[PDB]
Each structure stands twice: as C-alpha cells, then as structure tokens.
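Each chain is listed here by its residues.
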Amino acid sequence: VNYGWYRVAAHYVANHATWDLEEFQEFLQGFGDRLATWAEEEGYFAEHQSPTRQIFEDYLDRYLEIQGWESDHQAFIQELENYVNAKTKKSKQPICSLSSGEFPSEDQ
RNA sequence: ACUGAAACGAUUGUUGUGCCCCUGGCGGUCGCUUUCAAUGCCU
C-alpha cells in the first residue's frame, strides 16, 4: 500500500495549497517529462522484453494464409505436451482457460 | 488420469395488517261459541 508517498504528496500539495486541480495537472505533466528525461539521461530504466510480438508472429504462421503461400503441418504435439504437464511442477505459468494452451500463457 | 478424480444456488423469512352481511320491516287483515230449549209433571 506504499503509505510513504501519500505523506510526500501531501507536503508538496500543502506547500503549494493555492493550486486548483487543473493548474496542478499542468505541474504534474511537467514533472513527468522531467522524470522521463532524467531517467534516460542516467539510463535507469530497461529495454523491456517483447514476448507478445513473437507469439503473434507464430499465430500468423499457424493460422493465416494468402493463396500461393507455402504451408507446413502444425506440431500438435506441443499442444498435448503442454496439457500433460499443466498440473505438474514443470509448468511455470498456468495453462490458458479460453483455449488449448498451444501458445505461451500467463496469469490472468 | 474420460477437456479426468470429489462437487447442495445455499442459508433465513407468516400473503401480511384492519374490516359488523350491514341497514328497514306489525304474521297482518275480517270473524257473535252461534242456533233451539217451560224447573217441568201431581198434591
């Protein structure tokens, strides 16, 4: 619940108590852009992963066809292998509740 | 392991509370217990 920041904010809002909500939002938009520039001049944030692009490129490769595309037989073994292990310690995230689990899944 | 193995939409609850089959009403009207009779017969 990170109670400490509510004390920080309440000091800045008490010191500048003359503000209304809209001239406050004009402050905080400038505070965010300072934070953004400062974070990337120091390099203090990561180039985070891109997993949904990869599984989406593989979703297209299984299920989209234009006439005259080359096509392969799907490896349905991976869809069974993921079900056979869905309740076994060697599965890291839960299996999909809306589908078979042939693509990587994550908690809802 | 049947997309599996076990699997209570459940618990509690008043169709309730008030209510005059009520008000008005003459068993009424007409009607002779009537009609006839020797306290009699003799001293």
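Residues numbered from 1 in each chain as written, not as in the entry; some residues may be left out. Chains lettered and ligands numbered in written order. Part of a larger assembly, values for the part shown. Heavy atoms only, no water.

Labelled according to the PDB entry, chain A appears under the name Cas10d, originating from Synechocystis sp. PCC 6803. Listed as the entry title in the PDB record is "Structure of type I-D Cascade bound to a dsDNA target".

(A) Structural detail: the overall build of chain A. Within chain A, the regular secondary structure consists of four helices and zero strands. Listed N to C, the secondary structure of chain A is α-α-α-α in terms of helices and strands. Taking 2.2 N^0.38 as the reference for a compact globule, 108 residues should give roughly 13 Å; the C-alpha atoms of chain A span a radius of gyration of 24 Å, well beyond that estimate. The principal-axis extent of the C-alpha atoms belonging to chain A is close to 70 × 40 × 30 Å. Across the 108 residues that make up chain A, the buried fraction comes to 5%. Put simply, of all contacts in chain A between residues at least 6 apart along the chain, 25% involve residues at least 24 apart. If you sum the accessible surface of chain A, you get close to 10,700 Å²; carbon and sulfur atoms cover 55% of it. (Helix = DSSP H or I, 4+ residues; strand = E, 2+ residues; numbered from the N terminus. Rg over C-alpha atoms; globule rule 2.2 N^0.38 Å. Buried < 20%, exposed > 50% of the residue type's maximum accessible area, 1.4 Å probe, protein only. Contact = heavy atoms within 4.5 Å. Areas by Shrake-Rupley, 256 points an atom, 1.4 Å probe, with all protein chains shown as cover.)

(B) Geometry of the side chain of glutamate 102. With respect to the helices and strands, the residue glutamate 102 is situated in the segment after α4 (77-84). Judged by relative accessible area, which is 15%, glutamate 102 ranks as buried. Of note is the side chain of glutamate 102, whose polar atom sits 2.8 Å from the side chain of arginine 62. A polar side-chain atom of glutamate 102 sits 3.0 Å from a polar atom in the side chain of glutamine 74. Among residues more than four places away in sequence, those in contact with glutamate 102 are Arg62, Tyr63, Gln74 and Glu79. (Polar contact = N/O pair within 3.5 Å; in protein donor to acceptor, adjacent residues only side chain to side chain.)

(C) Region of interest: the environment of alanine 9. Examined against the element boundaries, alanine 9 turns out to sit in helix α1 (residues 4-15). Spatially, the C-alpha atoms of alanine 9 and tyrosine 83 are 49 Å apart, while their sequence positions differ by 74 residues.

(D) Region of the structure containing the packing of aromatic side chains. Evaluated as defined, the whole model comprises nine aromatic pairs. The interplanar angle of 65 degrees and the centroid separation of 5.6 Å between the aromatic rings of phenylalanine 24 and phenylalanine 27 together place this pair among those described as edge-to-face. In this pair, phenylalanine 24 and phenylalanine 27 both sit in helix α2 (residues 21-42), three residues apart, roughly one turn of the helix. Overall, the relative accessible area of 14% leaves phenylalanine 27 in the buried class. Seen from their ring centres, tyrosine 59 and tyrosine 63 are 5.9 Å apart, and the 70 degrees between their planes marks the pair as edge-to-face. With a gap of four residues between them, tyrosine 59 and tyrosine 63 both fall in helix α3 (residues 51-63), about one helical turn apart. Among the residues examined, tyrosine 59 registers a relative accessible area of 44% and is labelled partly exposed. With relative accessibility at 43%, the residue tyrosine 63 sits in the partly exposed group. One aromatic cluster is present, formed by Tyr12, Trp19, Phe24, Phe27 and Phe31 through successive ring pairs. (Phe/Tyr/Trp six-rings, centres within 6.5 Å; stacked < 30°, edge-to-face > 60°.)

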